[PDB]
Every structure is written in structure tokens, then in C-alpha cells.
There are 2 protein chains.
Amino acid sequence: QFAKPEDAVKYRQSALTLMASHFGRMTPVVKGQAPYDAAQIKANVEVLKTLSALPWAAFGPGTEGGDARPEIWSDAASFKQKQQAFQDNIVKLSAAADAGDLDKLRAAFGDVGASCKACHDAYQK
Amino acid sequence: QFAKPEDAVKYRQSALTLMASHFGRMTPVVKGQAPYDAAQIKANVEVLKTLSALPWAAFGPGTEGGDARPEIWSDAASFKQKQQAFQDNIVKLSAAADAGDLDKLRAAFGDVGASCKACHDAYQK
Ligand code: HEC
Ligand code: HEC
């Protein structure tokens, strides 16, 4: 869907920004600093689920740029493993949200955050 | 969810970028220059539905900036009318996609695009 590699960079940066806001805005809730409304969190995690699937298709062949470390395309199976582990951790977060359980939400949120950090460490300049 | 107004600007720009890619990438399909796969388009419109709901909450009080024309907050009912008409046109596009009908898709796509342009004309610097 991208006329030039810069368009893919633009897209993935935007997706990651949006995905990130939807994750991070829950931090006060998991810490107890903001109230827990199960329906609110269910709805937000549904948004995050959708967003979480979007960046990866914008690291397609020929789309080097931005802050993507070069190690993304040359180790494609390993990068995939990574987004799929993150993507699996998101499934867990959805299950916790859909079940209305703040303890399960806290644990799932932490494992998502660890997966963000793992990919960041390997693949972000 | 925004610590400073700049964060809301950042978010809405990203949402609009993403929403826009999901709309615009269908242009070759509606024109017949790319093949029509009903399932592909259904899935893409589902993404666009989710995205289409996101920008508006990031024009909250105190979030002047970016290319938002000042006329957004002082005429709040009219701006709302506008996003809700766009939002209603998106419902129509979802119905066309879910029904697998390229003629209905073409018509609905055009009315969405007109609604994008209408808000752009009134409210984007
Ligand atoms: C690899 C499988 C990743 C996972 C999982 C997550 N992120 Fe990431 N992120 C990744 C890359 C390779 C990049 C650079 C993209 C580019 O081309 O520049 C990023 C970037 C971000 C950004 C900055 C976006 C921008 O506006 O430029 C943010 C805010 C970000 N990532 C956040 C983030 C969060 C919160 C994640 C888990 C919920 C997450 N990322 C996962 C690679 C990967
Ligand atoms: C008002 C109800 C709008 C509708 C409907 C659409 N857009 Fe728009 N758009 C609007 C504003 C006020 C702005 C400026 C935001 C800011 O603070 O700068 C925009 C901006 C865009 C952009 C640029 C985003 C960026 O990266 O800076 C794009 C690509 C865009 N809008 C596209 C777009 C499309 C394709 C729409 C229909 C599918 C659409 N917008 C609707 C206001 C409104």
C-alpha cells in the first residue's frame, strides 16, 4: 500500500505511536492510581488488539529506513518470532481484559511490556 | 491520556495518517485497477472502522495545535456533527464491504471521501 519506502516508515511509526498510547494509557490503572472500570479496559484492549497487528506489514521488502535497525530483514524468521510473541502476549491481555480480572490484567500487561522492550532491544536503532 | 497538548496532536496526526492509508489503499480496487477480493476488503474496512473512531477524542479541551484550525473547539456541535456524518458514512462503507458488493462499495467509498473533504475544508489549516 506504500508508494515509496518512506510511506511505509511513516505508516509504521504512526501505528506504533497509536498502539503505544493505547498500551501506556493503562499504566495508571494497573498501578491503582486510576480506577479500574472493566468495561473501559475491555474496550481499550480491543483497540490495542487491532492496532497491535498493524505495524508488521509495513516492514515489507524494500522498506529500510526510520529507526528500524538493519537487523530486521536479514534475520526475518527471528523478527517474526518476535512480533508473534508480542502478538501472543496481546492475546493474553485480551483474555484478562475480557474476563474483568485486575490481577490477571496486571500480569498480562507486564508481559506485553517485556515483549515491547525485547523487540526494542534487538531491532530499534 | 495526553500529558501535554502536543501529545494529543501527535496522537491525532498518527490516527489520521493510519486511517487515511486504510482508506486510500482501496482506491485502485474501487477504480478496477486492482482486483476485488471481497474478504480482503471486508477485513480492511473493519480496520478502517476501528481507526475512524479514534481521532476525535484527541481534539479534547486544551489541545489546540498542529494543523487543527481554531474553528474546531469554538464551534463544537458543528465539528461533532461533522465527525458523526463521516462516522455514519463509515457505517455505510462497512455495510457495503460486509455484503461483498463492488457497486455499493464504490458509492460508499465516494461518500466517505466527500466527508473527509468536507471536514478538511472547514477545520484543517
Ligand atoms: C518488534 C517485533 C517490536 C515490538 C513487539 C514493538 N516494537 Fe516498538 N518499534 C519497533 C521498531 C523496529 C521501531 C522503529 C520503527 C521505525 O521504522 O522507525 C519501533 C518504534 C516504536 C516507537 C516510535 C514510533 C515513532 O513514532 O517513530 C514507539 C512509541 C514504540 N515503538 C512503542 C512500542 C510499544 C509501546 C510496544 C509494545 C506495546 C512496541 N513498541 C512493540 C519494533 C517493535
Ligand atoms: C473532521 C471531522 C475530519 C474528518 C472527517 C477527516 N479529517 Fe483529516 N484531518 C482533520 C483535522 C482537523 C486534521 C488536522 C489535525 C492536526 O491537528 O494537525 C486532519 C489531518 C489529516 C491528515 C494529516 C495527518 C498528519 O499526519 O498530520 C490526513 C492524512 C487526513 N487528515 C486524512 C483524512 C482522511 C483520508 C479522511 C477520511 C477517510 C479524513 N482525514 C477525515 C479533520 C478531519
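Residues numbered from 1 in each chain as written, not as in the entry; some residues may be left out. Chains lettered and ligands numbered in written order. Heavy atoms only, no water. Residues with missing side-chain atoms left out of burial classes, pairs and counts.

Structure determination for this PDB entry is given in the record as X-ray crystallography, at a resolution of 1.17 Å.

**Re the overall build of chain A**
When its secondary structure is counted, chain A shows six helices and zero strands. Helices and strands in chain A line up, N terminus first, as α-α-α-α-α-α. The C-alpha radius of gyration of chain A comes to 15 Å, within 12% of the 14 Å expected for a compact globule of 125 residues. Taking as baseline every contact in chain A between residues at least 6 positions apart, the subset at least 24 positions apart corresponds to 74%. (Helix = DSSP H or I, 4+ residues; strand = E, 2+ residues; numbered from the N terminus. Rg over C-alpha atoms; globule rule 2.2 N^0.38 Å. Contact = heavy atoms within 4.5 Å.)

**A few points about the site of ligand 1**
Residues and elements named next belong to chain A. Taken together, 22 residues lie near ligand 1, and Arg12, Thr17, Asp67, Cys116 and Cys119 sit nearest. Taking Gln13, its side chain carries an N or O atom lying 2.9 Å from an oxygen atom of ligand 1. Within the contact set of ligand 1, an oxygen atom lies 2.9 Å away from a side-chain nitrogen or oxygen of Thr17. Of all elements in the fold, only α1 (5-24), α5 (76-99) and α6 (102-123) reach the threshold of two or more residues within the shell around ligand 1. (Near = heavy atom within 4 Å. Polar contact = N/O pair within 3.5 Å; in protein donor to acceptor, adjacent residues only side chain to side chain.)

**A word on the relation of the copies chain A and chain B**
For the pair of chain copies, the relating operation is a rotation around an axis with a shift along it. Overlay of chain A on chain B (RMSD 0.0 Å): rotation 180 degrees, translation along the axis 0.0 Å. Within this description, the copies of the chain are treated as partners about a two-fold rotation axis. Scanning chain A for the C-alpha nearest the rotation axis identifies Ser14 of chain A, at a separation of 2.3 Å. By residue overlap, the copies meet face to face through one surface: 100% of the interface positions of chain A are interface positions in chain B. (Least-squares fit on C-alpha atoms.)

**Description of the UniProt feature "binding site: heme c" in chain A**
Residues and elements named next belong to chain A. UniProt marks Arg12, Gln13, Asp67, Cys116, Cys119 and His120 with the feature "binding site: heme c", using the numbering shown here. Looking at the secondary structure, you find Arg12 in helix α1. According to the relative accessible area criterion, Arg12 is buried, its value standing at 3%. If near-sequence neighbours (up to four positions away) are discounted, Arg12 is found in contact with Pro55, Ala58, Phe59, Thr63, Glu64, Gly65, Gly66, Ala68 and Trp73. Taking relative accessible area as the criterion, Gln13 reaches 40% and is therefore assigned partly exposed. In this view, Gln13 contacts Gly66 and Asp67; residues no more than four positions away in its chain are not counted. (UniProt positions renumbered as here; feature names shortened; annotations may be inferred. Buried < 20%, exposed > 50% of the residue type's maximum accessible area, 1.4 Å probe, protein only.)

**Concerning the interface of chain A and chain B**
Each side of the interface is counted separately: chain A has 14 residues, and chain B has 14 residues. Elements with a minimum of two residues in the side of chain A that touches chain B: α1 and α3 (38-52) of chain A. Sorting elements by how many residues they give to the side of chain A that touches chain B places α1 of chain A first, with seven residues. The residue makeup of the side of chain A that touches chain B, split by class, is seven nonpolar, six polar and one charged. (Nonpolar A, V, L, I, M, F, W, Y, C, P; charged D, E, K, R; others polar.)

**Digging into the pattern of salt bridges**
Residues and elements named next belong to chain A. Under the criterion given, the structure shown has four salt bridges over all chains. Residue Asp121 is joined to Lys117 by a salt bridge in which the shortest nitrogen-to-oxygen separation is 2.8 Å. Here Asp121 and its partner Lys117 are both found in helix α6, four residues apart, which amounts to about one turn of the helix. (Salt bridge = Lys/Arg side-chain N within 4 Å of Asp/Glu carboxyl O.)

**With respect to the side chain of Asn89 of chain A**
Residue and element names in this part refer to chain A. Considering the arrangement of structural elements, one finds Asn89 in helix α5. A polar atom in the side chain of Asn89 sits 2.7 Å from the backbone oxygen of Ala85. Apart from the residues lying within four places of it in its own chain, the contact partners of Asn89 are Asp111, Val112 and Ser115.

**Section: the site of ligand 2**
All names here are of chain B. Around ligand 2, the structure places 22 residues, and the nearest of them are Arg12, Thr17, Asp67, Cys116 and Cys119. Between ligand 2 and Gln13 there is a distance of 2.9 Å, counted from an oxygen atom to a side-chain nitrogen or oxygen. The contact in question runs from an oxygen atom of ligand 2 to an N or O atom on the backbone of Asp67, over 2.8 Å. Mapped by element, the contributors of at least two residues to the shell around ligand 2 are α1 (5-24), α5 (76-99) and α6 (102-123). Among the elements that line the shell around ligand 2, the one with the most residues is α1, at seven residues.

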